[PDB]
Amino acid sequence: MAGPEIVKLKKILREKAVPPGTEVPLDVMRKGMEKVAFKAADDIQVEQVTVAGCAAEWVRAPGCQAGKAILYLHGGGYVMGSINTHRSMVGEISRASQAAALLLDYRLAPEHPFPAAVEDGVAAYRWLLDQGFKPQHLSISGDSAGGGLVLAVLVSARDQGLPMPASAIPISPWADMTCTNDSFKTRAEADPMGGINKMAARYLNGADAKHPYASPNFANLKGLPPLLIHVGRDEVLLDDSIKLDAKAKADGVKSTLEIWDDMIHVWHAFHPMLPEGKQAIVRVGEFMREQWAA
């Protein structure tokens, strides 16, 4: 029916979770994500760089193709996450896609609200182009909030005349800051991963929640490059993804959406103990490579 590992992981996550309602202070949520992050695989090579005034790492699995690069935008509700929280998952995407990842430590809210993260994303992309990477050798990817930022970065880039990269992969994207979608009710019980509305509040700091660079589900997608959208069936953000796919299709974008049954928010991040995490990462890699061969 459902795999044994997901059933197991669902139980561990329900057990470890803080109870519904209780307010976890920000720097406490921040530290907890750091402290619990998976260590990247031993064969992942890392190089610290500065990119548009942000800390970054080049994240190079074995097998990287010369000339290829992923701008990777991490999750964390726009308020948390770092190079550290995501080095592990991004190592595996680099493995699968045989491409080095640029892992950006973009400005986080509330210290730096919207559109700070979009400016960092766009500049990061401009930096890659400036470094000599060709549009057709580039891909943009990210998870959760980062996966919304993927879209925002594209839209914003398109608007400023930048060429589109060959592909983009939003993973469990948060692309609608209103958080009104049916799936917050429909998929609530199945999702072990209020809390989210606070992050939107902190990121927006008063801005219009239907701003296209905050909620790319209200943006004009015309001209974006081909998309692979990943989302699990068992997450409150199911609707962001279904609606992002229909938007893209309507705006004439080549969109492939895959709902993975039984899966949770960014199940990729649990690749060390979830076969489906590895499987979905492999597939992100295959899709990036497919798009580079075309």
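Numbers follow the displayed sequence, beginning with 1.
- Unmodelled stretch separating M193 from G194: 1 to 3 residues (count of deposited-sequence residues without coordinates).
- Higher mean CA temperature factor, per the PDB entry, when comparing 62-70 with 264-272: 62-70.
- On average the C-alpha atoms of 203-211 have higher B-factors than those of the other stretch, with 138-146 and 203-211 being the two compared.
- When the Cα B-factors of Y106, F184, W174, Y78 are read from the PDB record, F184 comes out highest.
- Among the modelled residues of its chain, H86 has a C-alpha B-factor that falls in the lowest third according to the deposited record.
- The deposited CA B-factor of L221 belongs to the middle third of values across its chain.
- Sort the modelled residues of the chain by CA B factor and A168 lands in the lowest third.
- Sorting the modelled residues of the chain by their CA temperature factor places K39 in the highest third.
- In the deposited entry, the Cα temperature factor of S94 places it in the middle third of its chain's modelled residues.
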